[PDB]
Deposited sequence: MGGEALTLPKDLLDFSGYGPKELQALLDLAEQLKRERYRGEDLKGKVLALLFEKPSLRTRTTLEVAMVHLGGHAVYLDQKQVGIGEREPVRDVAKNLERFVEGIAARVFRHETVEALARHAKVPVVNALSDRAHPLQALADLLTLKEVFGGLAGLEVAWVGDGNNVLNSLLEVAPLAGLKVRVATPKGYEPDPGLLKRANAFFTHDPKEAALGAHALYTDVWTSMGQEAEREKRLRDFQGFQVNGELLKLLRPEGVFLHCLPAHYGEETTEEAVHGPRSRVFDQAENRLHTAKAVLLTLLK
């Protein structure tokens, strides 16, 4: 991968995605600990706190011999907010990279545009590249290859689905999407992934290698009636099929404890893989 930043997979081809995935796999197998990033610091610019992401990135930097400094931007109100360019021009003088969690993707795009150092989108309303990488490593580990895998997404057409759809054609995934009416993902992402779309969760899941869901986002809950990925829906997958879920889970809503901790679940390997892929990304952009 050669873009300076990782806001999504815009400038990535299949070879570049594979390299990142190959590196993550190698780092995991080696339980890698090193000093590749010694003397380097990653700024965590979170507009909204995220314990899970903070943990992943702080641990990732420490494993590579560097550090992550936490910048709780929520502490600065709109009445005291600095233009994004000022934030970028100041940080670039102190850190080697910026990992941002923003409310609006436009913000991280602006941060990357104005900063000379690498900017990683830890999470935005439009995309979640880091999650997608962890999801692919997980699928790769489970099935031995990604090309031809049939992955069914049942739920909201959100940032996670967007990135899954974007990497889909780069890895040869056969995605099937099921969302309630009005909660669908952009037509373009779907067509470019040549994804199957339907409003019926059963149709999307039938015979799939994996069922993937995540939190939804009384009216909302009513619209998602029947989209819960429970033990029964998991029975529609092929025998070797598995269950994935970003976490945390809203039990009783998009899934159940049985599903998350059941024999088909790979949820926690999926979680762990966020560490290995973050290390791969950080080493690649910051070394």
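- Taking the first deposited residue as 1, the stretches without any C-alpha atom are 1-6, 224-231.
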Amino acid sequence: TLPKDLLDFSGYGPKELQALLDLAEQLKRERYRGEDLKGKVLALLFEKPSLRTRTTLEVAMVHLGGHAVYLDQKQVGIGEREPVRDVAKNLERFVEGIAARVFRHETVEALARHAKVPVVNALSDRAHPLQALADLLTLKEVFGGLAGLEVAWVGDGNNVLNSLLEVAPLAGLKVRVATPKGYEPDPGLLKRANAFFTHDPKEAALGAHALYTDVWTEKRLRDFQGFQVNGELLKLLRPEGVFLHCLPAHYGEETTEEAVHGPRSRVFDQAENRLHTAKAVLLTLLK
From here on, numbers count along this sequence of modelled residues.
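- As the entry records it, the average C-alpha temperature factor is higher for 75-83, out of 89-97 and 75-83.
- Averaged over CA atoms, B-factors in the entry run higher in 178-186 than in the other of 109-117 and 178-186.
- As recorded in the entry, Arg220 carries the highest CA temperature factor of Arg31, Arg220, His261, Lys38.
- Sorting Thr198, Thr138, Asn159, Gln131 by the CA temperature factor given in the entry leaves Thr198 at the top.
- Compared with the other modelled residues of the chain, the Cα B-factor recorded for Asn273 ranks in the lowest third.
- The deposited CA B-factor of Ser163 belongs to the middle third of values across its chain.
- In the PDB entry, a CA B factor belonging to the highest third of its chain's modelled residues is recorded for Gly226.
- The PDB entry assigns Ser124 a C-alpha temperature factor belonging to the lowest third of its chain's modelled residues.
- When the CA B factors of the chain's modelled residues are split into thirds, the value for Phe46 lands in the highest one.
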